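S.K.: See upload-v9.cif below, with mmCIF, C-alpha atoms and all ligand atoms.
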data_query
#
loop_
_atom_site.label_atom_id
_atom_site.label_comp_id
_atom_site.auth_asym_id
_atom_site.auth_seq_id
_atom_site.Cartn_x
_atom_site.Cartn_y
_atom_site.Cartn_z
CA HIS O 1 -11.84 7.59 -14.67
CA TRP O 2 -9.72 7.65 -11.54
CA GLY O 3 -11.05 8.78 -8.19
CA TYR O 4 -11.00 7.71 -4.54
CA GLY O 5 -13.80 5.12 -4.55
CA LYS O 6 -13.70 1.32 -4.24
CA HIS O 7 -13.74 0.85 -7.95
CA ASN O 8 -11.44 3.67 -9.08
CA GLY O 9 -9.33 4.57 -6.03
CA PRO O 10 -5.60 4.49 -5.43
CA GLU O 11 -5.13 0.70 -5.73
CA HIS O 12 -6.55 0.93 -9.29
CA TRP O 13 -4.49 3.81 -10.57
CA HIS O 14 -1.57 1.73 -11.85
CA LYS O 15 -3.77 0.32 -14.68
CA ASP O 16 -3.98 3.75 -16.39
CA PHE O 17 -0.81 5.16 -14.80
CA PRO O 18 1.86 2.48 -14.48
CA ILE O 19 4.29 4.87 -12.80
CA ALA O 20 1.99 4.33 -9.79
CA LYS O 21 4.30 1.40 -8.94
CA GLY O 22 7.42 3.49 -9.63
CA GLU O 23 10.62 4.04 -7.63
CA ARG O 24 9.86 7.47 -6.20
CA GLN O 25 6.12 7.61 -5.44
CA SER O 26 4.45 9.81 -2.84
CA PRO O 27 3.25 10.11 -0.16
CA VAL O 28 5.41 8.06 2.25
CA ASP O 29 5.53 7.38 5.95
CA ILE O 30 8.13 9.62 7.57
CA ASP O 31 9.96 7.45 10.05
CA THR O 32 11.30 10.22 12.32
CA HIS O 33 13.89 7.97 13.84
CA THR O 34 15.43 6.90 10.52
CA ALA O 35 15.35 10.44 8.96
CA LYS O 36 18.87 11.81 8.92
CA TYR O 37 19.62 15.29 10.20
CA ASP O 38 21.48 17.03 7.39
CA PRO O 39 23.34 20.09 8.68
CA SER O 40 24.05 21.15 5.07
CA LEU O 41 20.34 21.84 4.54
CA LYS O 42 19.52 25.58 4.44
CA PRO O 43 16.57 27.26 6.02
CA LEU O 44 13.52 27.38 3.79
CA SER O 45 12.81 30.75 2.18
CA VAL O 46 9.07 31.36 1.80
CA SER O 47 8.46 34.72 0.09
CA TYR O 48 4.73 35.13 -0.16
CA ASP O 49 4.38 38.93 0.65
CA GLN O 50 3.44 39.67 -2.98
CA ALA O 51 1.28 36.57 -3.62
CA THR O 52 -1.71 37.14 -5.94
CA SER O 53 -4.54 34.61 -5.49
CA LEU O 54 -7.06 34.64 -8.29
CA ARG O 55 -9.58 31.85 -8.08
CA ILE O 56 -10.75 28.78 -6.22
CA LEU O 57 -11.82 25.70 -8.18
CA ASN O 58 -13.44 22.36 -7.31
CA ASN O 59 -11.65 20.01 -9.75
CA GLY O 60 -13.42 16.82 -8.67
CA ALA O 61 -10.42 15.62 -6.56
CA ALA O 62 -10.00 18.60 -4.19
CA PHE O 63 -10.31 22.38 -4.34
CA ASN O 64 -7.40 24.43 -5.62
CA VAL O 65 -6.76 28.03 -4.75
CA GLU O 66 -4.88 29.31 -7.78
CA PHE O 67 -2.29 32.08 -7.94
CA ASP O 68 -0.94 34.37 -10.66
CA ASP O 69 2.36 32.61 -11.55
CA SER O 70 3.20 34.86 -14.51
CA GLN O 71 5.82 36.65 -12.40
CA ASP O 72 8.04 35.91 -9.37
CA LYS O 73 5.45 37.03 -6.81
CA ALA O 74 5.28 34.17 -4.34
CA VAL O 75 8.33 31.90 -4.40
CA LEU O 76 9.93 29.13 -2.42
CA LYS O 77 13.72 28.83 -2.44
CA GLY O 78 16.52 27.64 -0.20
CA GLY O 79 15.97 24.56 1.89
CA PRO O 80 17.04 21.65 -0.37
CA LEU O 81 16.15 23.57 -3.54
CA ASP O 82 18.44 24.97 -6.18
CA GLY O 83 16.83 27.90 -7.81
CA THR O 84 13.47 29.51 -7.52
CA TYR O 85 10.08 27.87 -7.46
CA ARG O 86 6.84 29.85 -8.12
CA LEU O 87 3.56 29.13 -6.30
CA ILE O 88 0.81 28.08 -8.67
CA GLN O 89 -1.87 26.63 -6.36
CA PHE O 90 -2.56 25.14 -2.99
CA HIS O 91 -5.09 22.49 -2.02
CA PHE O 92 -5.76 20.00 0.79
CA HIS O 93 -6.44 16.34 1.27
CA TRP O 94 -8.70 15.28 4.14
CA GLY O 95 -10.64 12.50 5.81
CA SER O 96 -14.19 11.48 6.52
CA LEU O 97 -13.17 11.56 10.20
CA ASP O 98 -10.44 13.40 12.13
CA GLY O 99 -8.45 10.19 12.47
CA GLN O 100 -7.38 10.13 8.83
CA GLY O 101 -6.95 12.45 5.95
CA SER O 102 -3.24 13.25 5.56
CA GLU O 103 -1.20 11.76 2.74
CA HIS O 104 2.15 11.67 4.51
CA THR O 105 2.19 10.02 7.90
CA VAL O 106 4.67 10.54 10.76
CA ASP O 107 5.72 7.32 12.44
CA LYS O 108 2.46 5.94 10.97
CA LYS O 109 0.42 8.74 12.54
CA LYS O 110 -2.31 10.12 10.26
CA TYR O 111 -3.37 13.76 10.59
CA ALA O 112 -6.89 15.04 9.87
CA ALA O 113 -5.78 16.74 6.68
CA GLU O 114 -2.74 17.94 4.77
CA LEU O 115 -2.13 21.15 2.86
CA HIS O 116 -0.01 21.19 -0.29
CA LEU O 117 1.43 24.45 -1.64
CA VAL O 118 2.59 23.55 -5.16
CA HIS O 119 5.48 25.47 -6.76
CA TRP O 120 7.24 24.96 -10.11
CA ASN O 121 10.91 25.55 -11.05
CA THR O 122 11.10 28.79 -13.04
CA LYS O 123 14.00 27.50 -15.09
CA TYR O 124 11.47 25.34 -16.96
CA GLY O 125 9.26 28.29 -17.94
CA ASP O 126 5.83 26.87 -17.08
CA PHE O 127 4.09 24.26 -14.94
CA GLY O 128 3.43 21.91 -17.84
CA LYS O 129 7.12 21.71 -18.77
CA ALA O 130 8.24 21.55 -15.13
CA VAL O 131 6.22 18.34 -14.41
CA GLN O 132 8.24 16.61 -17.07
CA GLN O 133 11.46 17.15 -15.09
CA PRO O 134 12.79 15.35 -11.96
CA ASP O 135 13.36 18.70 -10.22
CA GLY O 136 10.31 20.41 -11.73
CA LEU O 137 8.17 20.95 -8.65
CA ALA O 138 8.57 21.71 -4.95
CA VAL O 139 5.55 20.93 -2.82
CA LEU O 140 5.42 22.33 0.72
CA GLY O 141 3.27 19.97 2.81
CA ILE O 142 1.72 21.08 6.15
CA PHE O 143 -0.27 18.76 8.38
CA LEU O 144 -3.55 19.85 9.94
CA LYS O 145 -4.72 18.62 13.37
CA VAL O 146 -8.13 19.42 14.84
CA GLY O 147 -8.17 21.79 17.83
CA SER O 148 -8.27 25.61 17.82
CA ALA O 149 -9.47 27.34 14.61
CA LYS O 150 -6.91 28.69 12.13
CA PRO O 151 -8.04 32.29 11.54
CA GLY O 152 -6.22 32.45 8.24
CA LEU O 153 -8.20 29.47 6.85
CA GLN O 154 -11.65 30.88 7.43
CA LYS O 155 -11.88 32.88 4.19
CA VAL O 156 -11.21 29.61 2.31
CA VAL O 157 -13.80 27.70 4.35
CA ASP O 158 -16.45 30.35 3.84
CA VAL O 159 -16.39 30.26 0.03
CA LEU O 160 -16.72 26.40 -0.29
CA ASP O 161 -20.55 26.67 -0.46
CA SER O 162 -20.12 28.41 -3.83
CA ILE O 163 -18.00 25.63 -5.41
CA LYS O 164 -19.75 22.56 -4.05
CA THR O 165 -19.53 20.47 -7.20
CA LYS O 166 -16.88 19.50 -9.74
CA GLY O 167 -16.02 22.19 -12.25
CA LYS O 168 -17.40 25.10 -10.22
CA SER O 169 -15.07 28.03 -9.57
CA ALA O 170 -15.25 31.32 -7.72
CA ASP O 171 -13.25 34.50 -7.68
CA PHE O 172 -10.74 34.36 -4.80
CA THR O 173 -8.51 37.38 -4.76
CA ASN O 174 -6.37 38.93 -2.04
CA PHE O 175 -6.01 35.73 -0.10
CA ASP O 176 -2.75 35.67 1.92
CA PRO O 177 -1.32 32.14 2.24
CA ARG O 178 1.07 33.26 4.99
CA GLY O 179 -1.93 32.82 7.26
CA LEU O 180 -1.76 29.01 6.73
CA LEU O 181 1.87 28.48 7.90
CA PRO O 182 2.91 27.18 11.29
CA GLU O 183 5.40 29.07 13.46
CA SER O 184 8.42 26.81 12.68
CA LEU O 185 9.77 26.03 9.21
CA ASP O 186 11.66 22.91 10.33
CA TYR O 187 11.07 20.24 7.67
CA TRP O 188 11.76 16.75 6.28
CA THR O 189 12.62 16.48 2.57
CA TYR O 190 12.79 13.60 0.07
CA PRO O 191 12.34 13.08 -3.70
CA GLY O 192 8.86 11.93 -4.78
CA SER O 193 5.84 12.38 -7.01
CA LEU O 194 2.46 13.98 -7.58
CA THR O 195 -0.03 12.10 -5.39
CA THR O 196 -2.83 11.89 -7.98
CA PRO O 197 -2.64 10.91 -11.64
CA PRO O 198 -0.53 11.50 -13.60
CA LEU O 199 1.65 10.59 -10.58
CA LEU O 200 4.76 12.09 -12.23
CA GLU O 201 8.05 11.76 -10.40
CA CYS O 202 8.88 15.45 -10.51
CA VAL O 203 8.55 16.67 -6.90
CA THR O 204 10.99 17.66 -4.19
CA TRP O 205 8.84 17.19 -1.11
CA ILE O 206 9.28 19.55 1.81
CA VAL O 207 6.98 18.53 4.70
CA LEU O 208 6.95 20.81 7.74
CA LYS O 209 7.36 19.16 11.16
CA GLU O 210 4.93 21.51 12.94
CA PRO O 211 1.25 20.96 12.13
CA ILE O 212 -1.27 23.84 12.10
CA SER O 213 -4.42 23.57 14.21
CA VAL O 214 -7.83 23.98 12.55
CA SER O 215 -11.26 23.69 14.19
CA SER O 216 -13.57 20.75 13.83
CA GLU O 217 -16.08 23.25 12.32
CA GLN O 218 -13.51 24.25 9.69
CA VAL O 219 -12.72 20.71 8.50
CA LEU O 220 -16.46 19.81 8.67
CA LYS O 221 -16.98 22.37 5.92
CA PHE O 222 -14.32 20.65 3.72
CA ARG O 223 -16.40 17.50 4.04
CA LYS O 224 -19.56 19.12 2.60
CA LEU O 225 -17.95 19.49 -0.83
CA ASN O 226 -18.83 17.01 -3.57
CA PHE O 227 -16.70 14.85 -5.93
CA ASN O 228 -19.53 14.77 -8.46
CA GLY O 229 -20.72 17.45 -10.81
CA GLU O 230 -23.90 19.41 -10.45
CA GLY O 231 -27.14 17.56 -10.93
CA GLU O 232 -25.36 14.25 -10.43
CA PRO O 233 -25.68 11.82 -7.51
CA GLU O 234 -24.07 13.37 -4.46
CA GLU O 235 -20.84 11.81 -3.27
CA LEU O 236 -19.20 13.77 -0.46
CA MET O 237 -15.62 14.83 -1.11
CA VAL O 238 -14.00 12.99 1.82
CA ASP O 239 -10.99 10.65 2.03
CA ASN O 240 -9.40 12.26 -1.04
CA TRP O 241 -5.94 11.05 0.14
CA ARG O 242 -3.49 8.56 -1.34
CA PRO O 243 -2.03 6.21 1.26
CA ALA O 244 1.70 5.89 2.02
CA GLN O 245 3.73 4.22 -0.74
CA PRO O 246 6.98 2.20 -0.50
CA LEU O 247 10.05 4.32 0.33
CA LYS O 248 12.27 2.01 -1.75
CA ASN O 249 15.67 3.43 -2.39
CA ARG O 250 15.21 6.85 -0.83
CA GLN O 251 16.38 8.64 2.30
CA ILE O 252 14.35 11.28 4.06
CA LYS O 253 16.49 14.14 5.43
CA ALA O 254 15.63 16.40 8.37
CA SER O 255 16.50 20.11 8.55
CA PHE O 256 16.55 19.94 12.36
CA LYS O 257 18.14 18.06 15.21
ZN ZN O 301 -1.86 17.26 -2.87
#
Can the structure from this file be put into structure tokens for me?
Ligand SMILES: [Zn+2]
M.R.:
Amino acid sequence: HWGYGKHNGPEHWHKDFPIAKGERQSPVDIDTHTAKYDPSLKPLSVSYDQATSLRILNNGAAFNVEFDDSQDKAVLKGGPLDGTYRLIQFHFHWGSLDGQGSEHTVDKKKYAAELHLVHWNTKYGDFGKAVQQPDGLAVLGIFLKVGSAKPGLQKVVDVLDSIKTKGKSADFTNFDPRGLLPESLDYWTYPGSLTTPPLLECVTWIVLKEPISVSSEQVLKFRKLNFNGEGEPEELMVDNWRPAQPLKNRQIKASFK
């Protein structure tokens, strides 16, 4: 089964998931000089005041903080989107060292980690139907650099001890994801895919230009998680990122000059 190791990592995925070599795969390098400013892009609308987190889960690839998506409580709209996308979960990808970890890169620069807030298009009714559509998902990506702590991340960091291994979950209510956003909502946007199997080409990517700062102590705690299940040989959950894939026939647009 797929993973991030030498024998099952990203360069192997195409054997079970041939769309791995497809025309709109993610992540990509964002060449800031080639990205075109598009003055017709609208500001992003992030409406998370009524978000309802429920649970946090180690799924063997990362940890997801899951949200109640049975009603329009935490939605992303505007920007390049038509319609309303509901938050279902967020998770991160990170490195074994601060020098790598992000999925997207910016002029080939790798950040220490990258946060993905995953939303699905409500016109498709549920997440499972949405992934089958080219405009099914909107993922808001936010880079993390190591420096000052992010106060709004600490509640997430502090519960990781309780979900160390694959398949463990913990109650995780009343978490406010507004505490993970940078000051500016300037963004790059392009059409792409999920970045793990099934690698479906159903995502409008919206990657914020401004990274958030997290402390070394915070990201160190990410790296104590495990890929493996309980009572199995310990493999640290580190370097759970897919590298940049060919841009091919796409253009990345910028919301800002
Ligand atoms: Zn992700």
S.K.: Name the residues in contact with residue O:80 at a cut-off of 9 Å, using only C-alpha atoms, excluding same-chain residues fewer than 5 positions from it; report them as a VMD selection string.
M.R.: chain O and resid 40 to 44 189 204 206
S.K.: With a cut-off of 12 Å, could you pull out the residues of stretch 84-172 of chain O touching stretch 242-251 of chain O and give me the nearest pair of atoms for each, distance in Å to one decimal, using only C-alpha atoms, ordered by chain and ascending number, as JSON lines?
M.R.:
{"residue": "O:92", "atom": "CA", "partner": "O:242", "partner_atom": "CA", "distance": 11.9}
{"residue": "O:93", "atom": "CA", "partner": "O:242", "partner_atom": "CA", "distance": 8.7}
{"residue": "O:94", "atom": "CA", "partner": "O:242", "partner_atom": "CA", "distance": 10.1}
{"residue": "O:95", "atom": "CA", "partner": "O:242", "partner_atom": "CA", "distance": 10.9}
{"residue": "O:100", "atom": "CA", "partner": "O:243", "partner_atom": "CA", "distance": 10.1}
{"residue": "O:101", "atom": "CA", "partner": "O:242", "partner_atom": "CA", "distance": 9.0}
{"residue": "O:102", "atom": "CA", "partner": "O:243", "partner_atom": "CA", "distance": 8.3}
{"residue": "O:103", "atom": "CA", "partner": "O:242", "partner_atom": "CA", "distance": 5.7}
{"residue": "O:104", "atom": "CA", "partner": "O:244", "partner_atom": "CA", "distance": 6.3}
{"residue": "O:105", "atom": "CA", "partner": "O:244", "partner_atom": "CA", "distance": 7.2}
{"residue": "O:106", "atom": "CA", "partner": "O:244", "partner_atom": "CA", "distance": 10.3}
{"residue": "O:107", "atom": "CA", "partner": "O:244", "partner_atom": "CA", "distance": 11.3}
{"residue": "O:108", "atom": "CA", "partner": "O:244", "partner_atom": "CA", "distance": 9.0}
{"residue": "O:109", "atom": "CA", "partner": "O:244", "partner_atom": "CA", "distance": 11.0}
{"residue": "O:110", "atom": "CA", "partner": "O:243", "partner_atom": "CA", "distance": 9.8}
{"residue": "O:113", "atom": "CA", "partner": "O:242", "partner_atom": "CA", "distance": 11.7}
{"residue": "O:114", "atom": "CA", "partner": "O:242", "partner_atom": "CA", "distance": 11.2}
S.K.: Have a look at atom CA of residue O:160 and atom CA of residue O:221 and let me know their distance in Å, one decimal.
M.R.: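 Between these atoms lies a distance of 7.4 Å.
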S.K.: If you count only C-alpha atoms, which residues fall within 6 Å of residue O:214, apart from same-chain ones fewer than 3 positions away, as a ChimeraX atom specification?
M.R.: /O:146-150
S.K.: Compare O:20, O:199, O:254, O:117 by their minimum atom-to-atom distance to residue O:86, counting only C-alpha atoms, and give me the closest one.
M.R.: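 Of all the options, O:117 lies closest to residue O:86.
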S.K.: Write out as a ChimeraX atom specification the residues lying within 9 Å of residue O:159, counting only C-alpha atoms and excluding same-chain residues fewer than 6 positions away.
M.R.: /O:56,170,172
S.K.: Provide the atom CA of residue O:235 to atom CA of residue O:6 distance in Å, to one decimal place.
M.R.: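 Between atom CA of residue O:235 and atom CA of residue O:6 the gap works out to 12.7 Å.
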S.K.: Given all atoms listed in the file as the basis, pick out the residue of O:10, O:141, O:182, O:211 nearest to ligand ZN 301 (chain O).
M.R.: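 For ligand ZN 301 (chain O), the nearest of the given residues is O:141.
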S.K.: For stretch 32-37 of chain O, find every residue with an atom within 6 Å (counting only C-alpha atoms), except residues of its own chain fewer than 5 positions away, and show them as a compact mmCIF listing (two decimals) with C-alpha atoms, in the coordinates of the input.
M.R.:
# COMPACT_ATOMS: atom_id res chain seq x y z
CA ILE O 252 14.35 11.28 4.06
CA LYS O 253 16.49 14.14 5.43
CA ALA O 254 15.63 16.40 8.37
CA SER O 255 16.50 20.11 8.55
CA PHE O 256 16.55 19.94 12.36
CA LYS O 257 18.14 18.06 15.21
S.K.: Nearest to ligand ZN 301 (chain O) among O:132, O:89, O:96, O:154, with distances taken over all atoms listed in the file: which residue is it?
M.R.: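 Counting all atoms listed in the file, the residue closest to ligand ZN 301 (chain O) is O:89.
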S.K.: Just give me the gap between atom CA of residue O:240 and atom CA of residue O:4 in Å, one decimal is fine.
M.R.: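 Between atom CA of residue O:240 and atom CA of residue O:4 the gap is 6.0 Å.
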S.K.: My list of candidates is O:57, O:87, O:131, O:180. Which is closest to residue O:155 when distances are computed with all atoms listed in the file?
M.R.: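 The shortest atom-to-atom distance to residue O:155 comes from O:180.
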S.K.: Which of these residues is nearest to residue O:50, using all atoms listed in the file: O:175, O:90, O:63, O:2?
M.R.: O:175
S.K.: Go through O:19, O:76, O:97, O:115 and flag the residue nearest ligand ZN 301 (chain O), using only C-alpha atoms and all ligand atoms for the distances.
M.R.: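 Once distances to ligand ZN 301 (chain O) are computed over only C-alpha atoms and all ligand atoms, the minimum belongs to O:115.
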S.K.: Using all atoms listed in the file, can you list as a VMD selection string the residues within 8 Å of (-7.3, 14.3, 16.3)?
M.R.: chain O and resid 98 to 99 111 to 112 145 to 147
